[PDB]
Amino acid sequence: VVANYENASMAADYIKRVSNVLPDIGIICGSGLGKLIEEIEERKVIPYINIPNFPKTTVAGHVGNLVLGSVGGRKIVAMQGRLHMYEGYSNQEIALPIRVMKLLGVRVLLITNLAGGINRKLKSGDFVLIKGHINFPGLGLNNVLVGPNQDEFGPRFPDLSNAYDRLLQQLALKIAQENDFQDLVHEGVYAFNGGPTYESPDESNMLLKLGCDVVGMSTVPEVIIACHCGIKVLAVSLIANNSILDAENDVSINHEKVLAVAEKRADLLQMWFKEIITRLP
């Protein structure tokens, strides 16, 4: 199934009938960082499998819902269970849920992930406002837009120089200052590693030479589809570990350690993003 105009419209039709909500904000939350979704007010939970033309996710398993409702007086739609390209999803499967968000009325997309720190100023538990990216799959002919262009959504050759909105980064920092946790908040460039193996010690050393600040396995595909169709983006990484230090000390990273950092910071991240949503222009 192609992520074209007609197919995205059929999905949006279904969601409009079932939910009644006209959202103008979208959210995609990282692993263990979804508690906010469970506090959406007057909410409607829609399993992906029930939505016409949504990608099939039963081989990977685990939760996969679209959730609609209100936060801080604002109307939102959330993906509960994001799709990752290391599972083998095609470009068309990744793009269709974002293009459905567009047809529902979304103008701002908020994204979180966990990632490895490369910059030596970054420690476990820090937050990074993403200001740019290095897309290794894109350079290497696996860009999420490889394929025919869907002209109704955007141009054949997008410019990504303003993909990460500057004013949204400033608002996120202002709220951190108001609550006295700005000592945790950095900015930086996100490198996309297709995955699912963590960056090796020698890959980490290479990434430091190349000017990467953080590295992870998500986010860049969704950002590019959102930028293509004119949706503004704020993206924030929660640092699980510093991979350069770990290489010097022969320390390993694993998913259990990642989820423990998520649980340690989840409630503060929930509070932060609730206020961002409330304050959005």
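One-based numbering along the sequence shown.
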Would you determine, from the values in the PDB entry, which of 177-185 and 147-155 has the greater average C-alpha temperature factor?
-> 177-185
The stretch carrying the higher mean Cα B factor in the deposited entry, 60-68 or 35-43, is 35-43
Tell me, please, which of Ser237, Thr219, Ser252, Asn241 has the highest C-alpha B factor according to the deposited entry?
-> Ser252
Of the three thirds of its chain by CA temperature factor, lowest, middle or highest, which one includes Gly211?
-> highest
C-alpha B factor of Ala3, ranked within the chain: lowest, middle or highest third?
-> lowest
Could you tell me which third, lowest, middle or highest, the C-alpha B-factor of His84 occupies within its chain?
-> lowest
Divide the modelled residues of the chain into thirds by Cα B-factor and specify which third, lowest, middle or highest, holds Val233.
-> lowest
Taking the entry's C-alpha B-factors for this chain, is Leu171 in the lowest, middle or highest third?
-> highest
